[PDB]
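All values below come from the heavy atoms of this structure, side chains included, with hydrogens, waters and symmetry mates left out. Starting from 1, each residue takes its place in the sequence as its number.
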Amino acid sequence: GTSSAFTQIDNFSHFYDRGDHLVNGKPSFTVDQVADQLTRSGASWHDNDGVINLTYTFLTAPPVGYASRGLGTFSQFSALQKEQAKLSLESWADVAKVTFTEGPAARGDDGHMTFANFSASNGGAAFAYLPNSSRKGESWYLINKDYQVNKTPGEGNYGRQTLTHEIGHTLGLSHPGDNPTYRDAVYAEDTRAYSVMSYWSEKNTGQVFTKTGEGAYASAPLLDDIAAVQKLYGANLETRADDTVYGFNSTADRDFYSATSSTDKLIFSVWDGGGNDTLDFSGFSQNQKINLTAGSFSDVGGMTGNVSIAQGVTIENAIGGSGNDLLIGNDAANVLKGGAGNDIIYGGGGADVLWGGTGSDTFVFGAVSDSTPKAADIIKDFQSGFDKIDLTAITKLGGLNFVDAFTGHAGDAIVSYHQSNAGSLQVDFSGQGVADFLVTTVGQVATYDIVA
Ligand SMILES: [Ca+2]
Ligand SMILES: [Ca+2]
Ligand SMILES: [Ca+2]
Ligand SMILES: [Ca+2]
Ligand SMILES: [Ca+2]
Ligand SMILES: [Ca+2]
């Protein structure tokens, strides 16, 4: 078999797998299947210039016919609502080729949106209309003594998510399905771990974002929302196309991608147009599981299934926190830093740069192609006697034959050291008489530091 360390990596890499199986008695839909589900109405703004340009207005007065809507007292968005709305708009503009510009309807635009508040509960907490309706672009928000959620929207709270959600609706995203409960959902991933359009809590899919008495809501489009809006309007490859850090020490310039404290509750899906990117979760003390696979989920900041990388996005680096984390790279050359604590790092393909950090770390390899002589991983701070190079997924615990020179026998391995403080582990898995696997290190590696 393999070690527990490999099994932990493998299990996590597949933990959130989607499609072709039932979950909660419902079909599991892949992100693409959900993108179809979320755009099933066929409604969308139309271009052309290749980009949809919408204008929007925070109404200062009730439109003609307003009183017949039964919404009660009309009121303009406060400065705080406008500020948050603009952030929500931006979060959609960031991922899809649609822009929002404050201003009255204009002949040159592709559509016009309005925002305003109403006071009569009978209207609902908030609502919006699809872009093919007579009230295309409109979204309305309830505010009265009995319902105060929309009066103070802010990063992470439902008021901000409501703005994001209603706008997603004005863009053409439907709610995931048609007292209903998650039981009536069409597919398993109909929860707010996957889409801000869902009415159901992440608890239904097992993720944990917060506890009773506290609110925790993604302020920006989540994984499936990004796929859905991009299916409608095209991916916006221009955003953050330069090098970007998400999380702690964020350089994304977005409130929902920034962490400044260990208690921060991050719930976001990373969209990026290119650049050597990093997921920095160094400031957390809780166990984390970071997956750099595109379209995959990570357990971050003491929560689970709360961070994801959008389909089509390549993230190159990850920095774990002080807990005992799992770090999973992708095919690209990744720089993975464990942090304090005992981490299990799996570079994947390409020539990775691995930092175990303090603590006792395990560097897992699941295939020979993971670390070849022509593209060898380098463990930058290997600590003999504490860290481990785990090849059990390859050897299946068959063991290795440590020799000073390859004999032509499969399984022969050579541990070397150069007193540039550089070590290396070479292996001839295929038995060709030469190394087909190579891992270099800064710091000595001993035969007893290898699990095979
Ligand atoms: Ca970038
Ligand atoms: Ca990148
Ligand atoms: Ca760590
Ligand atoms: Ca890699
Ligand atoms: Ca590798
Ligand atoms: Ca460590």
Side-chain angles (χ1 to χ4, degrees), residues 31-32 34-47 50-59 77 81-82 84-103 105-106 109-116 124-141 150 153 159-178 190 192 194-199 217-239 254 256 268-269 271 310-312:
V31 172
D32 291 339
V34 177
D36 292 345
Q37 182 67 16
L38 292 178
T39 62
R40 69 184 185 289
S41 75
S44 72
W45 292 107
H46 309 96
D47 187 346
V51 179
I52 296 298
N53 299 301
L54 307 175
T55 52
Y56 63 93
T57 298
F58 296 115
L59 308 179
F77 256 30
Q81 284 180 285
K82 299 178 186 181
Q84 293 291 302
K86 285 178 187 284
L87 296 185
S88 287
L89 288 174
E90 176 175 73
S91 61
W92 285 110
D94 281 349
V95 314
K97 299 175 82 186
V98 175
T99 66
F100 306 102
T101 303
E102 199 183 335
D109 68 34
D110 298 304
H112 186 259
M113 302 164 63
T114 64
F115 291 92
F127 59 90
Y129 295 89
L130 275 311
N132 62 344
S133 79
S134 292
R135 281 171 182 171
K136 58 179 69 70
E138 292 187 11
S139 58
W140 293 86
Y141 309 72
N150 300 313
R160 170 63 167 290
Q161 190 176 87
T162 284
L163 281 164
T164 298
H165 170 125
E166 297 306 335
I167 290 161
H169 196 51
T170 59
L171 287 164
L173 304 201
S174 306
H175 299 107
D178 284 346
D190 182 358
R192 61 182 62 101
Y194 308 86
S195 167
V196 307
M197 305 301 302
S198 178
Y199 294 152
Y217 303 88
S219 304
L222 287 174
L223 183 65
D224 296 359
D225 303 315
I226 297 166
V229 76
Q230 289 182 342
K231 181 191 179 67
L232 295 174
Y233 304 116
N236 180 347
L237 301 182
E238 293 299 308
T239 117
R254 292 298 187 265
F256 49 86
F268 62 70
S269 190
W271 169 255
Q311 292 193 136

Do [X] and [Y] have side-chain heavy atoms sitting under 4.5 Å apart?
{"X": "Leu38", "Y": "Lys231", "value": "no"}
{"X": "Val34", "Y": "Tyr194", "value": "no"}
{"X": "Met113", "Y": "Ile167", "value": "yes"}
{"X": "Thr101", "Y": "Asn53", "value": "no"}
{"X": "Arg192", "Y": "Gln161", "value": "yes"}
{"X": "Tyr56", "Y": "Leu89", "value": "yes"}
{"X": "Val31", "Y": "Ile226", "value": "no"}
{"X": "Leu173", "Y": "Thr39", "value": "yes"}

Please confirm whether the backbone N or O of [Y] pairs with a side-chain atom of [X], one donor and one acceptor, at under 3.5 Å?
{"X": "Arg160", "Y": "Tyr217", "value": "no"}
{"X": "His112", "Y": "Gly103", "value": "yes"}
{"X": "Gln37", "Y": "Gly177", "value": "no"}
{"X": "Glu166", "Y": "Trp140", "value": "no"}
{"X": "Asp224", "Y": "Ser195", "value": "no"}
{"X": "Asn236", "Y": "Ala93", "value": "yes"}
{"X": "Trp45", "Y": "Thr170", "value": "yes"}
{"X": "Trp92", "Y": "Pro221", "value": "no"}
{"X": "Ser198", "Y": "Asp190", "value": "yes"}

Should the pair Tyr141 and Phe77 be assigned to parallel (<30°), tilted (30 to 60°) or perpendicular (>60°) ring geometry? perpendicular

Once you measure the plane-to-plane angle for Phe115 and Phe58, does it fall in the parallel (<30°), tilted (30-60°) or perpendicular (>60°) bin? tilted

Verify whether one side chain among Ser139 and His169 offers a donor that lies under 3.5 Å from an acceptor in the other. no

Any idea which heavy atoms bring [X] and [Y] closest together, and the distance?
{"X": "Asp94", "Y": "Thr239", "result": "O-CG2, 2.6 Å"}
{"X": "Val98", "Y": "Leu54", "result": "CG1-CD1, 3.8 Å"}
{"X": "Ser91", "Y": "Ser219", "result": "OG-O, 4.4 Å"}
{"X": "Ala126", "Y": "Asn150", "result": "CB-ND2, 4.5 Å"}
{"X": "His165", "Y": "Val196", "result": "ND1-O, 2.9 Å"}
{"X": "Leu223", "Y": "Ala310", "result": "CD1-CA, 3.5 Å"}

What's the separation between atom [atom1] in [X] and atom [atom2] in [Y], rounded to the nearest 0.5 Å?
{"X": "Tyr129", "Y": "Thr114", "atom1": "OH", "atom2": "OG1", "answer": "9.5 Å"}
{"X": "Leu232", "Y": "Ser44", "atom1": "CG", "atom2": "OG", "answer": "6.0 Å"}
{"X": "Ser88", "Y": "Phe100", "atom1": "OG", "atom2": "CZ", "answer": "10.0 Å"}
{"X": "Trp271", "Y": "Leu237", "atom1": "CH2", "atom2": "CG", "answer": "5.5 Å"}

For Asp47, is there an ion pair with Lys97 - N to carboxylate O distance below 4.0 angstrom? no

